[PDB]
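Working notes, beginning with the structure itself.
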Amino acid sequence: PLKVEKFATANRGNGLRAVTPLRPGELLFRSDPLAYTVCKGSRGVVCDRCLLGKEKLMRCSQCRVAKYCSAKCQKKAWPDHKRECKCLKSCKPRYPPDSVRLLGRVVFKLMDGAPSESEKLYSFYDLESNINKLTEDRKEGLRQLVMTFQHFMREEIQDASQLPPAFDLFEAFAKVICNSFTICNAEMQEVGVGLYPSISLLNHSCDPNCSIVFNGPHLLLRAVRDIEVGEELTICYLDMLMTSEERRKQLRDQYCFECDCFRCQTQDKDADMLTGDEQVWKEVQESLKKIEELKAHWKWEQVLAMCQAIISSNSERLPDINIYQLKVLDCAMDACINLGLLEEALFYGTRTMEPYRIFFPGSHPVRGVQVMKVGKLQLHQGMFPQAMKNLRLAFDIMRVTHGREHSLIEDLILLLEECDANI
Ligand SMILES: C[S@@+](CC[C@H](N)C(=O)[O-])C[C@H]1O[C@@H](n2cnc3c(N)ncnc32)[C@H](O)[C@@H]1O
Ligand SMILES: [Zn+2]
Ligand SMILES: [Zn+2]
Ligand SMILES: [Zn+2]
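Whatever position you read off the sequence shown (first residue = 1), add 2 for PDB author numbering.
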């Protein structure tokens with residue numbers, strides 16, 4: 003018996019609403035993707051199938067583009083990779099955009115695969131395209147994606163009889179723009195992109211009552227507030243460390259809507275996240291484009307070098323509640339963890355704790371995972387009372403945001419037991 007149902011909203015299209023009263027942490031829906039792929043920067047770093055990182059991956063012998071963690075993953079992926087393999091081969095070294103690889107997998111799934119459980123509430127055919135709101139600039143970009151797809155797929159798809167019936171590639175890419183999910187690993191690093199059409203019913207709120215988390219490609223949807231019968235379910239489509247102006251731009255450009263929620267009407271938290279000298283944080287915001295590019299390609303030593311130049315700059319510095327400074331601290335912490343600089347990771351991580359408390363209110367998975375990382379660093383440095391406090395706080399958050407069905411909760415229970423045994 004489902005706890006959620008599709009419905010027609012008054013002014014934001016279709017949505018999901020509660021059928022029964024819901025409590026924080028209640029699992030509402032789980033879904034494998036209709037289709038998904040690894041992202042450009044993680045290609046060859048994480049397994050194409052399970053999206054777990056490894057130091058040595060096995061490559062597909064035919065295309066040598068797909069890479070895997072194990073014979074099992076390579077073999078189990080073969081059906082969903084067989085047709086794209088021919089295309090990826092006849093395209094080296096021109097790798098397609100992620101959206102193109104994703105739509106290719108959509109096409110092969112719809113043509114050759116049984117009806118997907120991911121479409122139980124809403125199908126790819128049903129997805130919102132916002133075509134009558136797209137600017138001419140966006141339509142031109144979509145037309146180039148269509149021709150890129152036609153080029154990439156030419157060996158497996160030659161005509162419309164190889165596409166689903168009444169399948170329009172322009173409309174399909176318009177759907178991908180506003181319904182793609184970025185897949186994050188347990189450490190909240192971006193590793194893939196997928197379509198989850200039933201989950202695509204969720205409309206956006208800058209102060210949402212639900213949250214999603216990923217366990218590999220698997221998606222869990224949970225309540226994070228009390229929800230009444232008939233109340234619409236919402237998730238935040240956006241990173242929380244964004245001003246109302248930045249949210250406005252992305253919600254317009256990618257999702258074609260204007261938000262008039264309370265936070266956007268009052269510029270909630272904007273002033274606090276832009277504290278410090280403007281000339282300084284404009285420069286950090288610029289540097290973060292390069293830092294985040296390097297992080298997306300797992301270039302940890304280069305990330306840390308750039309972050310240290312900011313955090314320990316000889317010139318003027320920013321408060322840790324400035325969102326660009328905060329993102330630099332978080333990148334430096336993650337770089338230090340992956341480089342084994344655990345004392346330095348803890349220094350940066352602990353500085354993010356109070357800003358994360360302010361900017362991730364309630365139960366948010368990103369805060370839960372950050373707190374867990376800090377507790378884990380304190381546990382391995384022997385700071386047991388501090389570690390236990392943070393590990394318990396991470397559990398208080400992640401019991402709501404992640405739940406028993408997420409494997410990270412089992413990892414956290416083991417840390418809590420080890421730290422409790424030390425105490
Ligand atoms: C992932 S889909 C959500 C389901 C969609 N309403 C539908 O009918 O299929 C995202 C699209 O929903 C609409 N949308 C989502 N959240 C909204 C909101 N808070 N206000 C107005 N429109 C919203 C926009 O059209 C957006 O591009
Ligand atoms: Zn794998
Ligand atoms: Zn292959
Ligand atoms: Zn808003």
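All C-beta atoms in this analysis are idealised placements derived from N, C-alpha and C, irrespective of residue type, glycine included.
message: My output table needs one value for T184: the three-state DSSP class, helix, strand or coil.
response: strand
task: Return yes when at least one heavy atom of ligand 2 lies under 7 Å from the C-beta of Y38, else no.
output: no
query: Just curious, the beta strand (DSSP E) that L197 is in, first and last residue?
result: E192 to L197
task: Determine which residues share a DSSP beta bridge with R61 and list them.
output: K69
query: Out of curiosity, what's the CA-to-CA distance linking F264 and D209?
result: 9 Å
- request: Look at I229 and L222 and say whether their C-beta atoms are less than 8 Å apart.
  value: no
message: Our contact map puts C212 next to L235 with C-beta atoms below 8 Å; I'd like the distance itself, whole angstroms only.
response: 5 Å
- prompt: Who pairs with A10 in a beta bridge, going by DSSP?
  reply: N16
- request: May I ask whether a heavy atom of ligand 4 can be found less than 7 Å away from the beta carbon of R66?
  value: no
message: Pop quiz: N340 and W302 are said to be a contact at Cβ under 8 Å. What is the actual Cβ separation, rounded to whole angstroms?
response: 5 Å
task: State the beta-bridge partners of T137 as determined by DSSP.
output: Paired residues: none, contrary to the question.
message: Could you check whether the Cβ of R14 sits closer than 7 Å to any heavy atom belonging to ligand 4?
response: no
query: Which residue comes first and which comes last in the beta strand (DSSP E) that contains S246?
result: Not the beta strand (DSSP E): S246 falls in the alpha helix (DSSP H), residues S246 to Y257.
message: With distance defined between alpha-carbon atoms, name the residue in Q252, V330 and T268 nearest to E288.
response: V330
task: Please state whether DSSP places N205 in a helix, a strand or coil.
output: strand
- prompt: Whose C-alpha, out of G351, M374, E412 and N424, is nearest the C-alpha of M385?
  reply: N424
Stretch-stretch touch, CB-based, cutoff 8 Å, three pairs: the stretch 152 to 161 with the stretch 268 to 282: no
- prompt: Under the rule that 16 or more other beta-carbon atoms within 10 Å means buried, what is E119, buried or exposed?
  reply: exposed
message: For ligand 2, is there any heavy atom lying closer than 7 Å to the beta carbon of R51?
response: yes
- prompt: Looking only at C-alpha atoms, which of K177, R32, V67 and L348 sits nearest to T39?
  reply: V67
task: Taking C75 and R51 to be in contact with their CB atoms under 8 Å, please state how far apart those CB atoms are, rounded to whole angstroms.
output: 4 Å
field: Contiguous alpha helix (DSSP H) assignments of at least 4 residues, all confined to the stretch 212 to 300
entry: 246 to 257, 264 to 268, 272 to 275 and 280 to 298
- prompt: Excluding five sequence neighbours on each side, which residues of the same chain lie with their C-beta closer than 8 Å to the C-beta of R401?
  reply: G27 and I411
query: Under 8 Å, do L104 and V47 count as touching if we go by C-beta distance?
result: no
query: Got a sec: does ligand 1 put a non-hydrogen atom nearer than 7 Å to the Cβ of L197?
result: no
message: Using only the alpha-carbon positions, how far apart do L144 and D398 sit?
response: 44 Å
- request: Answer yes or no: do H366 and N217 have a C-beta to C-beta separation smaller than 8 Å?
  value: no
query: How many Å lie between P219 and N316 at the Cα?
result: 43 Å
- request: Give the straight-line distance between the Cα atoms of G232 and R25, rounded to the nearest whole angstrom.
  value: 14 Å
query: Where does residue 444 fall in DSSP's three states?
result: With the chain represented from 3 up to 425, any question about residue 444 goes unanswered, as that position is not in the structure.
message: Looking at ligand 2, does it come within less than 7 Å of residue 2, judged from the CB to the closest heavy atom?
response: Not covered by the structure: residue 2. The range shown for the chain is 3 to 425.
- prompt: Which full runs of the alpha helix (DSSP H) of 4+ residues lie inside the stretch 96 to 166, going along the chain?
  reply: 100 to 114 and 138 to 154
message: Using 8 Å as the cut-off, can you tell me whether the stretch 126 to 146 makes contact with the stretch 182 to 195, which would need three or more C-beta pairs spanning the two stretches below that distance?
response: no
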